[PDB]
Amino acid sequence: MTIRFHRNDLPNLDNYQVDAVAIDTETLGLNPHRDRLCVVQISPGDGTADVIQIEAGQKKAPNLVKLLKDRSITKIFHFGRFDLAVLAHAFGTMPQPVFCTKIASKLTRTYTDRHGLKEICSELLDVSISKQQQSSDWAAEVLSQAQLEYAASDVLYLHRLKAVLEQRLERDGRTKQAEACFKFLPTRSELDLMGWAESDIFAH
């Protein structure tokens, strides 16, 4: 497991001369206004990962933000709706464009209600990772090796999941609808930050 650890930000973009990046975050909980960003994990898709410890009160991360702003780079998430809100709230940039493997799973894996990251890693790639846990204080001053490996596992496979899901979207005729969902997803996250996190804006 090739994991590069950083404080605050990537040191440069030497490993990020790519057209897509895989991103996840760790926080103090599910409420972005209450629960601060603690870790950003990111992978170029080459089987390596960067795990970035974010300090309390940290307002800037310029190299990461360059990637988030770069419209030629697709930001891949599984927890897209959540992570986009957390990243926009932390550093002021709503990342775009995006691909969400959970939305893509919902639009292709029509035979199940299980769309978690552990499930799709196992089913689509035969890769074993941990489910999302509730046992870590991610604001701890020192993150353990186990925590770095957990964080890295959440981004090491997103490019490969996206490739499979793209094939299935084309096979079953839903590529254009998925793309429209991805175009809307940054707004869905903005609406969550604005005060509609518990409302489906499209409900009757």
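We number the residues from 1 along the sequence you see.
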**Asked** Among the other compared PDB entries, is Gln133 dropped in a third or more?
**Response** yes
**Message:** Going by the mean C-alpha B-factor recorded in the entry, which is higher: 182-190 or 14-22?
**Reply:** 14-22
**Complete:** Taking the deposited Cα B-factors and averaging over 158-166 and over 131-139, the higher mean is found in 131-139
**Message:** Given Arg171, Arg36, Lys176, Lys60, identify the residue with the highest C-alpha B factor in the PDB entry.
**Reply:** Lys60
**Prompt:** Checking the entry, which one of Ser72, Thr108, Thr112, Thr101 has the top C-alpha B factor?
**Reply:** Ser72
**Prompt:** Comparing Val40 with the other modelled residues of its chain, is its CA B-factor in the lowest, middle or highest third?
**Reply:** lowest
**Asked** Considering only modelled residues of the same chain, in which third does the CA B-factor of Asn31 rank: lowest, middle or highest?
**Response** middle
